[PDB]
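Structure, as structure tokens:
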Amino acid sequence: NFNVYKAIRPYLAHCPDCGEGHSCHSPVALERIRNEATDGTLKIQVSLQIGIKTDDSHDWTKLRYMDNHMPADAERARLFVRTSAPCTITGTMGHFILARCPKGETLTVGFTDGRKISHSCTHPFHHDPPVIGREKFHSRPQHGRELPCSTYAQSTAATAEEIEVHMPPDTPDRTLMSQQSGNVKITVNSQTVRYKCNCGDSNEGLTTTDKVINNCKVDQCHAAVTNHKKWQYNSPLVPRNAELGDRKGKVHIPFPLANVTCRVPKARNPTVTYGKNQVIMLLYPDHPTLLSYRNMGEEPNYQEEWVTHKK
Amino acid sequence: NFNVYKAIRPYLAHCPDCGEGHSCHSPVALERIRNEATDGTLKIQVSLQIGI
Amino acid sequence: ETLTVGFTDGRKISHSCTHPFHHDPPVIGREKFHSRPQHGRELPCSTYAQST
Amino acid sequence: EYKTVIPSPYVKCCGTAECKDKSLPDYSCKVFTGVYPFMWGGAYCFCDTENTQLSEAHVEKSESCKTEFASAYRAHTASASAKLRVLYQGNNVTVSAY
Amino acid sequence: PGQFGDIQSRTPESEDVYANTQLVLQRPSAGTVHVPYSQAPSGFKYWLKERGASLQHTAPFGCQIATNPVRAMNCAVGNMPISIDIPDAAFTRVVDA
Amino acid sequence: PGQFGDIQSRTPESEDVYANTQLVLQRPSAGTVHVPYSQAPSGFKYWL
Amino acid sequence: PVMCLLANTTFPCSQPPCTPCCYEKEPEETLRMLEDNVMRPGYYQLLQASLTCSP
Ligand SMILES: *[C@@H]1O[C@H](CO[C@@H]2O[C@@H](C)[C@@H](O)[C@@H](O)[C@@H]2O)[C@@H](O[C@@H]2O[C@H](CO)[C@@H](O[C@@H]3O[C@H](CO)[C@@H](O)[C@H](O)[C@@H]3O)[C@H](O)[C@H]2NC(C)=O)[C@H](O)[C@H]1NC(C)=O
């Protein structure tokens with residue numbers, strides 16, 4: 001088995017709405033919502049890594065997320081996806097979630113963390129699955145016709161589907177530093193720290209142990225944690241270090257799009273009576289059903305209408 | 001009184017959609033939905049036996 | 001079109017109350033949106049402060 | 001369906017970024033001055049106003065294009081073929097022929 | 001942009017892509033690192049919703065339409081000549097009939 | 001079928017019932033034991 | 001056989017100079033040698049070799 005995720009970290013990213021109408025930096029954020037599937041299945045890319053523990057093992061019951069500068073574990077059972085109503089999750093792996101959502105105008109993804117604190121992220125998203133066939137149905141029937149459609153496969157193998165990953169930016173942390181009698185102490189906590197100040201000779205990009213800059217105030221200093229050990233997804237919500245081409249890793253994407261067949265209902269037989277050069281139909285739709293007709297001569301005079309009620 | 005259900009068992013039945021977008025044989029399945037009541041109350045007949 | 005408020009009792013008894021209520025928030029600006037965007041303008045709005 | 005690719009933005013702190021032209025199908029780059037971005041732990045970098053952000057993006061075919069696509073064809077003449085039932089001397093013979 | 005053909009490629013496997021999406025980069029909101037943009041939504045998605053009826057339903061003469069390969073079937077148009085070559089062995093003389 | 005009077009009886013308690021619902025039985029989908037049909041919806045409910 | 005570059009030297013992408021759970025031993029070097037071969041057709045073969053480990 002190949003564990004690519006050992007070299008890939010979960011990350012924090014900006015989220016326009018963290019559930020209270022206010023923006024924040026979240027352990028869960030939506031990078032991209034893919035709805036190419038015609039069966040309505042959504043493929044959601046998130047900052048969370050699902051199925052992978054802080055320890056590099058594929059435990060499908062756990063997800064890992066960032067908590068400040070470290071990954072942390074949480075139960076997958078507490079993961080949810082919602083639009084206008086709760087969605088069914090059809091599989092998860094790494095940064096990707098497959099779900100079948102109810103029609104709605106927003107998408108919310110969230111989870112309960114290891115301290116029983118709720119986290120969620122909501123983005124605007126128009127979700128209105130395309131019609132397969134000539135009938136608009138809300139659920140799969142026991143009896144009906146079968147038509148071609150596209151879905152996201154549950155396979156965890158990839159087929160030329162890849163994401164770019166790169167070395168993450170230095171992470172700013174104002175709790176990383178404090179002022180001790182006019183001398184700012186930089187706490188390392190085993191993570192290399194880069195800092196500089198308005199004070200002379202304050203540029204210390206190689207701090208691996210707790211260090212104090214003397215005769216300097218906390219308001220004069222800036223510090224960030226340096227991490228070059230793991231790759232991070234090339235997200236538009238996270239800055240890069242180099243002017244161009246910091247580095248380009250490639251990671252395979254689970255859940256490829258595939259050709260499958262969808263079940264669709266067949267509208268009830270119409271009641272038909274006849275007149276002179278006339279056919280009279282009484283229709284009994286359960287759900288909006290397309291009616292269309294054409295002449296079989298030179299001029300088909302094609303006409304169509306949607307029928308939403310007995311007519 | 002007496003328990004008529006002691007002579008009757010729960011059963012599995014085909015269900016067109018088990019939530020995953022595909023059918024399965026379920027311990028819970030809908031046989032009939034009755035909506036004659038004008039107050040909007042539904043009576044749902046299922047393969048489950050509740051209270052027993 | 002309705003509003004329901006409730007809680008679980010100390011005896012694990014559910015209590016709820018439902019009233020009719022037309023809840024249809026006014027449009028702020030010239031666009032009808034269902035969630036706040038990552039990018040956009042900021043307009044005057046009235047809210048309830050969390051201050052007690 | 002196309003996907004828009006947006007590489008992580010480059011934030012040059014205490015200096016001005018510049019971008020290069022690229023041959024990518026629909027490419028644009030722009031440098032925004034006066035940026036003061038924040039991370040979860042505080043301001044991204046030391047300088048307040050002397051910062052520039054380089055944003056770039058390009059359009060490319062999505063992975064779905066292997067399955068979900070429309071083909072624009074030029075149509076010419078057509079080859080005709082037919083399946084004919086012939087009752088010959090009392091027997092039913094079906095022949096598939098051009 | 002916003003119309004069928006906004007993104008074009010000669011073949012499914014080709015890396016040669018033409019695109020006209022009017023992709024414009026916008027200034028990020030203050031205090032954030034996101035990259036906003038204004039782009040015309042895929043004309044493919046719009047087309048899929050606005051496709052209308054296909055030839056299978058609109059064609060004259062009651063033609064049935066199928067793909068893979070593209071076919072027009074059972075069109076009630078004009079007529080079709082048939083030439084039949086029948087061997088002498090297949091004929092019975094009137095004296096025997 | 002589909003109209004008021006699709007099902008009729010002389011009295012509420014009568015066992016003499018007329019019905020015209022176009023109850024056509026259809027072939028079951030493969031691998032299943034369900035019994036599909038095409039029947040006009042109650043004309044009483046439509047009437048209501 | 002597709003060859004990958006490490007340090008002004010080349011090797012078959014499936015057979016690195018650093019094989020024995022390379023990422024675990026030298027994760028910084030491992031990521032650097034991978035990124036430099038991103039344009040190589042053997043990149044994924046190298047990626048498999050680099051992050052594959054069996055303790
Ligand atoms: C030569 O073929 C014709 C046409 O039938 C063709 O060959 C058959 C073997 C089947 O494969 C058909 O699908 C195919 O089109 C024969 O004439 C047809 O015969 C059938 C009976 O065998 C007729 O069906 C009947 O129709 C009546 C009235 O609706 C019903 O009550 C019966 O129950 C049954 O369905 C069919 O209508 C008739 N078609 C025509 C145009 O006459 C023909 O008999 C055959 N000749 C020989 C020697 O085989």
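Each chain in the structure tokens gets a letter, A, B and so on, in the order shown; residues start at 1 in every chain, and ligands are counted from 1 in the order they appear.
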
(message) Can you pull out every residue with an atom within 6 Å of ligand 1? Use only C-alpha atoms and all ligand atoms and format it as JSON, numbers by chain.
(response) {"D": [90, 91, 92]}

(message) Residues near stretch 239-244 of chain A, anyone? I mean within 9 Å using only C-alpha atoms, not counting same-chain ones fewer than 6 positions away, as JSON, numbers by chain.
(response) {"A": [166, 167, 168, 169, 170], "D": [7, 8, 9, 10, 11, 12, 17, 18, 19, 54], "E": [33, 34]}

(message) Using Å and a single decimal, report how far atom CA of residue A:154 sits from atom CA of residue A:48.
(response) 18.4 Å

(request) Write down as a list in words the residues belonging to chain E that are assigned alpha helix (DSSP H) by DSSP computed on the backbone. (result)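 The alpha helix (DSSP H) residues within chain E come out as residues 43, 44, 45, 46, 47, 48, 49, 50, 55, 56, 57 and 58 of chain E.
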
(message) Quick one: residues within 10 Å of residue G:19, only C-alpha atoms, excluding same-chain residues fewer than 3 positions away - as a PyMOL selection string?
(response) chain G and resi 14-16+22-23+25+49-53
